[PDB]
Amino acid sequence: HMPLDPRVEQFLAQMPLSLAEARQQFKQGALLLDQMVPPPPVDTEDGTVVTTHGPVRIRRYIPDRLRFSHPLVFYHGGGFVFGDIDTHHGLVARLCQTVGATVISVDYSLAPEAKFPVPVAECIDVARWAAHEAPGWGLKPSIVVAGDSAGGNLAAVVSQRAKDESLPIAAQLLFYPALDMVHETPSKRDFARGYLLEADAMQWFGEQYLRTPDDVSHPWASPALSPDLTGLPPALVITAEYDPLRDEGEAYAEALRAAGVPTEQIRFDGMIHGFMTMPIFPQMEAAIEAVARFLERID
């Protein structure tokens, strides 16, 4: 156990209704963080992708200077219930400008209004769209999927489904993903209260997203359960030391490595879940630099 990062420690010490109110409170939090540490200017265009489960709003981010030859498709976190393209703008704008990549940020359908596995399907369909469009942006058709938390779950599942769905994926970027809804890990037991993402909330999220308790063992909910990880896309797996989801993330990175998948596994010490959408922490930019350096090695 390394000491908490000082800024994280202060943030947690200063920490202090309806579904709609809760969603609004989550959005207001993101806004305050962006007011504290403004995002870089970036050109964007909004659109909508026709998926097998309905229209899905997207936002395309165009870098000042294009330096990376694959589109990124980014799925935001928020427990499958909260978040949108605006809440994750601070992260995505930085990924775009720092990597020098076009990024497609995805506004997938939220639970409980949409249930598992609807967002998985949507996220596959958007990735497929991106692969098809890529040549017309002067890019390679293989995409890089990315996501934080619940979004990292989606990125991991899309990656596992990709060969079966004829979807070319060059890499997967998993930021403190949720990967195993079945097993308790030491981290999930020991950091379950007081570090922003809590047990009670994870349980509640599961109740909104899943159709029944049996869905926890479904491979499209718990990608960590998949016994054959050979041939999956190169993986960057970023974890936070004091995150209940830490151990499942690191174990999945170990499993990928042992299955011959090129894998970079980075734990940010003293950090908490969510830190890559919390620009008050310099570790957010360090992790984005890790993304750029990992992606340099893909081609």
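All residue numbers refer to positions in the sequence shown, first residue = 1.
The modelled chain breaks after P16 and resumes at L17, leaving 4 to 9 residues of the deposited sequence without coordinates. The mean Cα B-factor in the deposited entry runs higher for 18 to 26 than for the other of 18 to 26 and 280 to 288. If you average the C-alpha B-factors over 169 to 177 and over 130 to 138, the higher value belongs to 130 to 138.
Between the residues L210, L91, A155, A199, it is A199 that shows the highest Cα B-factor in the PDB record. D247: CA B factor in the lowest third of modelled residues in this chain (values from the PDB entry). For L295, the recorded CA temperature factor ranks within the middle third of the chain's modelled residues.
When all modelled residues of the chain are sorted by CA temperature factor, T98 is found within the highest third. Among all modelled residues in its chain, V50 ranks in the lowest third by Cα B-factor. When the CA B factors of the chain's modelled residues are split into thirds, the value for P63 lands in the lowest one.
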